[PDB]
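Heads up: the structure comes next, in structure tokens.
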Amino acid sequence: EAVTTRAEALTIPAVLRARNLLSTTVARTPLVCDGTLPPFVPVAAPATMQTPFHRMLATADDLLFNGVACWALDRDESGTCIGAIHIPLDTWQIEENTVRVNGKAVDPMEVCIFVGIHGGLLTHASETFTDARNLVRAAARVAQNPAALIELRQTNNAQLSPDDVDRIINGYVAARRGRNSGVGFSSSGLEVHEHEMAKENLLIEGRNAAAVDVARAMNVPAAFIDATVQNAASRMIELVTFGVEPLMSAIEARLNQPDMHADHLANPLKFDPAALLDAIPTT
Amino acid sequence: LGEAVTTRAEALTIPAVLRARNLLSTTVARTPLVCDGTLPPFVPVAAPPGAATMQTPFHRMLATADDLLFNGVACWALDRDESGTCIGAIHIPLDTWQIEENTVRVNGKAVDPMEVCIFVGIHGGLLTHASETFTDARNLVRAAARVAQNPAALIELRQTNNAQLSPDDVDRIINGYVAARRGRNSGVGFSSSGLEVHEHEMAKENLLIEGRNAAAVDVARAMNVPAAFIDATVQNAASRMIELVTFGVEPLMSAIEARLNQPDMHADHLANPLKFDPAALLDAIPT
Amino acid sequence: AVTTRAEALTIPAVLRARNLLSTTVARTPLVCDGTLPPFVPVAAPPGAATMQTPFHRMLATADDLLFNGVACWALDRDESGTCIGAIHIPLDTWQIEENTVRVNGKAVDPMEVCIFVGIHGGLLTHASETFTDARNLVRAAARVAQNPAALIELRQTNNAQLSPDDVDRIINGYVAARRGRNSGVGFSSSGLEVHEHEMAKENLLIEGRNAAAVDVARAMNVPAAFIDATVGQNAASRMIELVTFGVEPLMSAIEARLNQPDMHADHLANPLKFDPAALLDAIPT
Amino acid sequence: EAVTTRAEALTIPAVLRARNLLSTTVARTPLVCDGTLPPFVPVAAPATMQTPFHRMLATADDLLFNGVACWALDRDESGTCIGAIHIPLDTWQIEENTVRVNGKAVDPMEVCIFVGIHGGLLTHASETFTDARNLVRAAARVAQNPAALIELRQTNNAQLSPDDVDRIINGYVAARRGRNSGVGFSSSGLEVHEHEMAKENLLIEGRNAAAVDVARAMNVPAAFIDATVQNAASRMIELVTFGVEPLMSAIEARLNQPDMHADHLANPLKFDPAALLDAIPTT
Amino acid sequence: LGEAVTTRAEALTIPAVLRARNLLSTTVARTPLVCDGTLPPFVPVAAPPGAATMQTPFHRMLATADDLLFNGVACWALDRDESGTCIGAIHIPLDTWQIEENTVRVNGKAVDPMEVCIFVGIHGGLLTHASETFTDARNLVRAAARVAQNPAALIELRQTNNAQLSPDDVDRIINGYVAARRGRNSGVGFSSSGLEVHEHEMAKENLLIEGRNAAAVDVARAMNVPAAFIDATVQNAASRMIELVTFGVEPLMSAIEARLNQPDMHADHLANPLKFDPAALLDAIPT
């Protein structure tokens, strides 16, 4: 019941909330340059269009969850890359040293692979995500059924077959699972005794702790996802400085390599977070 | 996993570790290396244009910060040309190099000292020092998962009666409870006559609640970051960054600088030393 | 008991305290009104794969002084007899038998080493109990959080005749279950009852943990707020705070040694000083 | 198990922390004078060198712990004292009126003895130090073994030899001391009963109280050693004014006597705490 | 010790006493004595250059403040030369002088009144007045040491059975518990059949906790210092010093001044009185 996939991760609201603060901001922020902007920047797909926004957003998710991302390049201008589109992770892999898209081995120059700032959440945060999800599930089982263990205790001296008891147990299971709105009959001398009574404060406290741990794994501060432990421009600056900016740096790094942007040394490509603050309306 | 936390992978599954790591290593990685003289070729170039090691200078530093933090040492494998001038350098993984006596071996083959640059950290690595506190940190979360719903570690089945019971009779009810405790039959078990279940070893919820936070602060401490930085409980971005840099990152940056400023790496270290530029991080912050 | 540095450094507060102290010394320049003594910029001579940088010499020296109260440099002297390089050497490689110093086996000329003397006899002597306590306290909480009972009693209720081995294996049953033998299910056989005694005091453990940490800070001459301990500012202030009370005592000890004729000829007129103001200049604006 | 020695005192972190705040500051602060500084000020040992820093530090510790300190003087200049080195306490003593170093009686002018501001901590603070140390030891015994007294209570009517019971007791001792992870077997009718259950709050509260009492004996304010009940320059001033300055006054007193500094009346020797504030870096 | 706290040595083993003492007596000692006229010879000179009483003027005042505080009186033995002008004065211990009728005796030998100067304090000495509160103060700490681990002062061994037991039988189990209570056998004792141990006289932890602080405040009160000054619970250095001087020390300084400003000690007291200069203490504080 582990959380091993993105789909599963995204069902944890903290994960989803952090992921948008992070991915969305990257996709929102433009790439910028002194001198001529590489043609792939404003153009993804010239069949199925993919907007530049979506290319970045997709890329930002890949790097976060899986630690790696691939663009498919259209280098036309003999040499230069004039478009790139994001392509899903299950659509490429790296064999020994070769790279293969759709199972067909590809020329290295057809492709741009990104490496992230670690191996990806699905590798490192699987445990914490699993805990965060489970905890909310624990609270729902136990809100009303606080005792994990129920004992049916015979006090008379009748000898009952295995089957007899299997039957006795079954009536109380139905009653728990809601039959007759939770009324059960203990037949003759039997007494129910509840054991392993849930520790309420630990579930409560643990829930926030889970939320803080998610914020941690995801590199956004806990206050940002309303986990308990400033104007818009302040928070965005804060979010960018400690949260988003490391993905941006990894992404710029790749992009500023000779295969993508041959004038990178003198005129490096850079994300422009300042653009986001300018979009903020003025009081 | 597992038992103790002894590998980097295990540790990074602890969110406070991963968060303390991101703050430390990514800052280092983002921070430009800078010189009043002409800048050394290796600084802008990690992997050369044509290879299957597309290591960027950012990932080179990042991996290095990590190596230093967890293992206490790091290696770059230098590309020296025929004049002996290092024109690029890549970080290589710890498991691919070593030192025997005075010999550096990379991939099992001894190598010229000069083909390599080895960095010594600020201690012996968190994998040596903080291994116990990481185990504790991770173990605490798992206990709370077990414990929250099943607080009592030990169940006793106690006979209160002289009732004749075969061992098979007992085996049977033990199994039914064992099934319950794994959650089959919706937690319901049966106690034959005169037999009573008693709960023992009830967990201390407060110990576990405080312990969790305490575990976090101890991770913060081992990793040389303030606990409020990882949201462990005890202003603007520019101040937070200065604080992080001043006490968290400068020791690592200082160590890296130290090594880079030796003559095999930067000959002109004395007149024009090669320094990280944290001011660059602040300029990047918008207003 | 915690008797070695290795063990000490597994206490997070010890590590944290030590980084702030030792690394801060290491980053601080030794500066001179005259021209610099040649050993200051040079520790290990030029070399090729790894070597002791001057930063690491100081770092290593700071630790030595802190944990053991003394530290040694192996001096490199020119034909004029002045130190033009100094390398920190590990403590398990030198001893001081008489007024005579030996490194590895051999006795050595006083002029080949520089021995520093710290501000006390070292945490490893003075703070061994606190370190031990701090460590054991964290381990206690880990045992205790799920097994709060210090003593379990298995009480025989009937008058069956048990044998030492009978008893012996019955305990083993419980030790087993306490390890998780049938989901921590044990069977109390109509003459047995399990009783828990000596329930752990959690507050005293929760408070004691913080108390331990504060004791560590005290021992290491750092404010408890710096290692994030609790007791019922901008980077610049903290550095100053950390330097004035935290680190200046070491620097002063190290300065005293360095300001001697074997090390620094012009010390009377132009003494060698650490320059903590450099640490503040480094802080971006 | 009393704390009667310095070594033992220095194992109490509060004692150690106070001692450095106190001794270290004195050693750090220079001696100063209008007109010519006595030659012994900058020079201790011209065999085993002792730095001036160490001379003061050593002296400051002696006066604090034992209330008394000795320098060994090298008066060369026929009359004047041109060097002094600190010498350990077990290296000198005062017989009836004579002073003896290493068992050999010495000329009074070979020696400079200091008297402190009281008889020394090892005399007055032995009890408090003993309590402070013990308290932490109490908490460690009792964290997990809160009951000081354990009773093994026979309920059957068997007559047991002294030896029998000696044996019974022994099994429970092992179990306490950790054998079988604290599982013990009470054989037949015996019941364990725990008595003298530790008073938790008193150990907790008492610990801080111990720390405050140490601060008290040592003449530093409790906040300074992080005991629970301002920029650098403020605290140093505060520390100097009420903490260090009394040792400094005792030390100046001796030094400003004719045997050491013959121009003391017009040009008295003085500690210069202001030097410490000047060393503080400027924001 | 002991029983009551009756000697100065016992009292000084109480940290609040020692701290209140240091603040009071050392301030007095550090504070210069000062005159608009020419300054009396005795002020700069306690012990002359050649003697085995190397008493400095600082220790002279210090000892005197102490004498006054604890015992209510102090003596200086004056060195008067043949003109009768006092050229130096040393403090001498209380046990070496006394007054019988109108005669002062030093070391058992009557002496000329003029060879001596005796100071009268502000009360009869804390050793008279505060003896009970010092006992209480010290006793409170010891109780908490006993009590913390062994809260119950009295153990009862109670027989619940008509069981025949020799006195020797009883003596035996009493001894085994007595051993336990001293900590032999790791606190474990044995109760023979029908015998039960019962705890009685459980200490009140709060009484002891509050009592401790209360004891401190009462020490503060007896010694004329504010409790926050000894960190007992209820700004800058210059203000703290003024406060201490104004209410704590000036009465003692005032008393000493009084005596010094009589004609046998300072003839010109009227025109140019001899005054302590607390301002000097403030000037010594750096900025």
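We label chains A, B, ... in the order they appear in the structure tokens, count residues from 1 in each chain, and number ligands from 1 in the order shown.
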
From region 14-234 of chain A, collect each residue whose DSSP state is strand (DSSP E) and return the set as number ranges by chain. A: 31-32, 68-75, 81-87, 92-94, 99-101, 104-106, 111-115, 147-153, 191-197

Quick one: write out the picked residues with C-alpha atoms as a PDB file, in the first residue's frame?
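New file selection_3.pdb:
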ATOM      1  CA  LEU A  31      13.848  32.482 -19.847  1.00  0.00           C
ATOM      2  CA  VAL A  32      15.930  35.466 -20.706  1.00  0.00           C
ATOM      3  CA  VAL A  68      15.318  13.486 -14.624  1.00  0.00           C
ATOM      4  CA  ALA A  69      13.497  14.857 -17.708  1.00  0.00           C
ATOM      5  CA  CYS A  70      13.717  14.632 -21.497  1.00  0.00           C
ATOM      6  CA  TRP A  71      12.991  17.104 -24.285  1.00  0.00           C
ATOM      7  CA  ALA A  72      12.703  15.935 -27.887  1.00  0.00           C
ATOM      8  CA  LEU A  73      14.646  18.328 -30.061  1.00  0.00           C
ATOM      9  CA  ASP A  74      13.971  19.559 -33.504  1.00  0.00           C
ATOM     10  CA  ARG A  75      17.363  20.807 -34.602  1.00  0.00           C
ATOM     11  CA  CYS A  81      18.013  23.578 -31.906  1.00  0.00           C
ATOM     12  CA  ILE A  82      14.901  25.428 -33.080  1.00  0.00           C
ATOM     13  CA  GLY A  83      12.244  23.621 -31.041  1.00  0.00           C
ATOM     14  CA  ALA A  84      11.905  21.171 -28.190  1.00  0.00           C
ATOM     15  CA  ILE A  85       8.842  19.444 -26.823  1.00  0.00           C
ATOM     16  CA  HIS A  86       8.540  17.717 -23.473  1.00  0.00           C
ATOM     17  CA  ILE A  87       8.072  13.938 -23.691  1.00  0.00           C
ATOM     18  CA  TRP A  92      12.335   7.144 -23.027  1.00  0.00           C
ATOM     19  CA  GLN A  93      15.014   5.269 -21.123  1.00  0.00           C
ATOM     20  CA  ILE A  94      18.787   5.026 -21.074  1.00  0.00           C
ATOM     21  CA  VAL A  99      19.176   6.580 -25.313  1.00  0.00           C
ATOM     22  CA  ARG A 100      15.980   5.107 -26.747  1.00  0.00           C
ATOM     23  CA  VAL A 101      12.695   6.826 -27.435  1.00  0.00           C
ATOM     24  CA  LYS A 104      13.931   2.933 -31.080  1.00  0.00           C
ATOM     25  CA  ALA A 105      17.532   3.985 -30.256  1.00  0.00           C
ATOM     26  CA  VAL A 106      18.086   7.659 -30.984  1.00  0.00           C
ATOM     27  CA  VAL A 111      17.294  14.674 -27.326  1.00  0.00           C
ATOM     28  CA  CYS A 112      17.946  16.875 -24.316  1.00  0.00           C
ATOM     29  CA  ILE A 113      18.045  15.153 -20.967  1.00  0.00           C
ATOM     30  CA  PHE A 114      17.830  17.009 -17.736  1.00  0.00           C
ATOM     31  CA  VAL A 115      19.200  15.975 -14.388  1.00  0.00           C
ATOM     32  CA  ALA A 147     -10.115   0.099  19.433  1.00  0.00           C
ATOM     33  CA  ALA A 148      -8.002  -1.863  17.043  1.00  0.00           C
ATOM     34  CA  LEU A 149      -8.622  -5.064  18.879  1.00  0.00           C
ATOM     35  CA  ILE A 150     -11.914  -6.481  20.035  1.00  0.00           C
ATOM     36  CA  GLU A 151     -12.032  -9.543  22.190  1.00  0.00           C
ATOM     37  CA  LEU A 152     -15.128 -11.737  22.548  1.00  0.00           C
ATOM     38  CA  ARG A 153     -14.766 -13.476  25.825  1.00  0.00           C
ATOM     39  CA  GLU A 191     -18.546 -10.199  27.004  1.00  0.00           C
ATOM     40  CA  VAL A 192     -16.911  -7.868  24.539  1.00  0.00           C
ATOM     41  CA  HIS A 193     -13.760  -6.152  25.635  1.00  0.00           C
ATOM     42  CA  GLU A 194     -12.050  -3.526  23.647  1.00  0.00           C
ATOM     43  CA  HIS A 195      -8.308  -3.379  23.543  1.00  0.00           C
ATOM     44  CA  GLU A 196      -5.599  -1.373  21.757  1.00  0.00           C
ATOM     45  CA  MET A 197      -7.417   1.882  22.147  1.00  0.00           C
TER      46      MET A 197
END

Residues at most 9 Å from residue 177 (chain C), counting only C-alpha atoms, excluding those fewer than 5 positions away in the same chain, as a PyMOL selection string? (chain B and resi 154-155) or (chain C and resi 172+182-186)

Would you put the residues from that selection into a file with C-alpha atoms, as a PDB file, in the first residue's frame?
ATOM      1  CA  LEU B 154       2.540  -6.875  23.806  1.00  0.00           C
ATOM      2  CA  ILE B 155      -0.597  -8.932  24.123  1.00  0.00           C
TER       3      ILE B 155
ATOM      4  CA  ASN C 172      12.582 -16.476  27.090  1.00  0.00           C
ATOM      5  CA  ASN C 182       3.434 -13.687  17.526  1.00  0.00           C
ATOM      6  CA  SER C 183       2.822 -10.010  16.949  1.00  0.00           C
ATOM      7  CA  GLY C 184       3.911  -9.687  20.538  1.00  0.00           C
ATOM      8  CA  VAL C 185       1.454 -12.331  21.710  1.00  0.00           C
ATOM      9  CA  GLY C 186       2.476 -14.375  24.822  1.00  0.00           C
TER      10      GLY C 186
END

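Among the candidate residues B:111, B:140, B:253, B:106, the one lying nearest to chain A is B:140, with distances computed using only C-alpha atoms.
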
Could you list, as a PyMOL selection string, every residue within 9 Å of region 188-200 of chain E, counting only C-alpha atoms and ignoring same-chain residues fewer than 5 positions away? (chain D and resi 148-160+165-166+168-170+172-173+193+195-196) or (chain E and resi 152-163+173+176-181+183)

Got time to write the residues from that selection, C-alpha atoms, as a PDB file, in the first residue's frame?
ATOM      1  CA  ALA D 148      14.299   3.349  44.779  1.00  0.00           C
ATOM      2  CA  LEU D 149      12.894   0.483  46.732  1.00  0.00           C
ATOM      3  CA  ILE D 150      11.651  -2.827  45.436  1.00  0.00           C
ATOM      4  CA  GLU D 151       9.960  -5.267  47.720  1.00  0.00           C
ATOM      5  CA  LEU D 152       9.634  -8.985  46.945  1.00  0.00           C
ATOM      6  CA  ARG D 153       6.691 -10.173  48.900  1.00  0.00           C
ATOM      7  CA  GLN D 154       6.012 -13.733  49.842  1.00  0.00           C
ATOM      8  CA  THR D 155       2.329 -14.728  50.019  1.00  0.00           C
ATOM      9  CA  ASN D 156       2.628 -18.525  50.151  1.00  0.00           C
ATOM     10  CA  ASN D 157       3.719 -19.994  53.466  1.00  0.00           C
ATOM     11  CA  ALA D 158       6.957 -21.731  52.649  1.00  0.00           C
ATOM     12  CA  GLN D 159       9.780 -21.140  55.177  1.00  0.00           C
ATOM     13  CA  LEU D 160      12.878 -19.927  53.270  1.00  0.00           C
ATOM     14  CA  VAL D 165      15.945 -15.237  50.015  1.00  0.00           C
ATOM     15  CA  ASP D 166      19.442 -14.056  49.251  1.00  0.00           C
ATOM     16  CA  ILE D 168      15.495 -14.654  45.347  1.00  0.00           C
ATOM     17  CA  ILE D 169      16.709 -11.129  45.697  1.00  0.00           C
ATOM     18  CA  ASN D 170      19.610 -11.892  43.384  1.00  0.00           C
ATOM     19  CA  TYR D 172      15.641  -9.526  40.607  1.00  0.00           C
ATOM     20  CA  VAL D 173      18.858  -7.612  40.900  1.00  0.00           C
ATOM     21  CA  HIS D 193       5.914  -4.072  44.794  1.00  0.00           C
ATOM     22  CA  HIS D 195       8.086   1.733  46.632  1.00  0.00           C
ATOM     23  CA  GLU D 196       9.810   5.116  47.008  1.00  0.00           C
TER      24      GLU D 196
ATOM     25  CA  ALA E 152       8.984   8.632  51.836  1.00  0.00           C
ATOM     26  CA  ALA E 153      10.774   9.399  55.126  1.00  0.00           C
ATOM     27  CA  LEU E 154       9.350   6.419  56.948  1.00  0.00           C
ATOM     28  CA  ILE E 155       9.041   2.776  56.046  1.00  0.00           C
ATOM     29  CA  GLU E 156       6.665   0.561  58.007  1.00  0.00           C
ATOM     30  CA  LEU E 157       6.999  -3.190  58.063  1.00  0.00           C
ATOM     31  CA  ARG E 158       3.595  -4.436  58.808  1.00  0.00           C
ATOM     32  CA  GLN E 159       2.494  -7.913  59.654  1.00  0.00           C
ATOM     33  CA  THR E 160      -0.838  -8.928  58.262  1.00  0.00           C
ATOM     34  CA  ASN E 161      -0.687 -12.478  59.558  1.00  0.00           C
ATOM     35  CA  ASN E 162      -0.738 -14.349  62.832  1.00  0.00           C
ATOM     36  CA  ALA E 163       2.508 -16.082  61.489  1.00  0.00           C
ATOM     37  CA  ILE E 173      14.012  -8.731  57.304  1.00  0.00           C
ATOM     38  CA  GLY E 176      17.522  -6.602  54.541  1.00  0.00           C
ATOM     39  CA  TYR E 177      15.351  -3.520  53.998  1.00  0.00           C
ATOM     40  CA  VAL E 178      17.772  -1.374  55.842  1.00  0.00           C
ATOM     41  CA  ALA E 179      20.370  -2.613  53.356  1.00  0.00           C
ATOM     42  CA  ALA E 180      18.080  -1.805  50.461  1.00  0.00           C
ATOM     43  CA  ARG E 181      17.395   1.677  51.694  1.00  0.00           C
ATOM     44  CA  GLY E 183      21.197   1.055  48.241  1.00  0.00           C
TER      45      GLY E 183
END

Set the distance at 9 Å and use only C-alpha atoms: which residues neighbour residue 94 (chain E) once local chain neighbours fewer than 4 positions away are removed? I'd like the list as a ChimeraX atom specification. /E:67,71,73-75,98

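If only C-alpha atoms are the atoms counted, then among A:247, A:122, A:109, A:49 the closest residue to residue 8 (chain A) is A:122.
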
Region 221-234 of chain C surroundings by only C-alpha atoms, 8 Å radius, close-in-sequence under 5 positions cut, as a list in words: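 Returned residues: residues 217, 221, 226, 227, 234, 239 and 243 of chain B; 13, 16, 17, 210, 213, 214, 242, 245 and 246 of chain C; 17, 20, 225, 226, 227, 228 and 229 of chain D.
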